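Structure 1 and structure 2 below are two forms of the same protein chain, each written out on its own as structure tokens.
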Structure 1
């Protein structure tokens, strides 16, 4: 239950296209969330190879914790390690933790815990999220889970329309604030109601220190799509 890549190259053109579609800045270091996408093929090879029943197609992303110890340069080639751990019963199904460590040289730069489920007032910003943009996020980020792109498959897996990738939303909400993030930062997200597409969602931001609290809501109905914290280390 362990995957390794010794020297994964970074494609800057992909980093640019990731920043464009999520609304983040393309600079010399990759966005804080970008290594989710970079290591995604490595995570899915672990998930798809689970001995027991657990399907990547139609899987649900419930929670995500990123710890960045140091930025990763767009020119870096990276070491990747993934392990899967903490199978639990939930209610809606099987939960599992996928734990990824991304290294530059001998050092761990970026550390993530991803939790998946197999089913068994005026805002500080506004996000417009269309099916087209998410079709584009799926191409660029490489998560082709069809609940985000194929309506017929979304229905089959329980949703009335296609939904946004949780990690699209988790990237997009950092747009304004990311320029003030320190190099060492932790970002914790709890996904709630899926974002049904197309949608216009409002982001609420408080400065609960030394950092930020975030809540993304559906604008008509007001229910939460996610809550998150950003903190310096």
Structure 2
């Protein structure tokens, strides 16, 4: 467990984040923003010192955010993080990083982030699953330079997103986008209609090799939104759901 009593929010950092992700800057932080805000506290738990990087080569596989109420740019926040549920995967060791962000003594925003830390495991002899696979609602175009900018703003400088040598050392043929860049970028416009209490579940699949041109599909429903971002192969970079609580 790591604990941070009172963490102020810099409105400039929110603005800069909203600008880079293409999201709206206003009185409420964007739904995904407390990922960036808390991340250096998250990695101080694994490292013991403040460290603003996911472990080099780590792969973000899943993220579940439950927002009970919006967090104001003017709020200061209580932060508590914990690590749990180590388990083996074919391509490494998954761990869950569970974050509680409070305003007053109430929990406004909760997150389960699962990172895959690459390494051989006893499941590594075992075959590659297959995937689970028209004109899109929008097209995301993502450059190395947008992702160098995202690194500065979103609390994670893991150099597999910015330096090709680092990427290559960890199995990637070019630099790749951060998972949470893309998780934030897909919310553009759509976010205007979110209720204040909302859950956002993201599953990450094919790495977003840069430069990337990627088609975004959005089905709106009574419950909320189903999102899929893909590369036209046409396999998924992510699939996700937004649901009003």
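What we label the rigid core is the largest C-alpha set whose atoms superpose within 1.5 Å from one form to the other. Residue numbers count along the first chain shown, from 1. Only residues modelled in both forms are compared.
Superposing the rigid core between structures 1 and 2 leaves a single residue from 41, 182, 49, 198 with a C-alpha shift of at least 2 Å: 49. Relative to the superposed rigid core, residue 58 shifts its CA by 1.4 Å between structures 1 and 2. Taking residues common to both forms and aligning the rigid core, Cα displacements of 2 Å or more over three or more consecutive positions between structures 1 and 2 occur only in 47 to 55.
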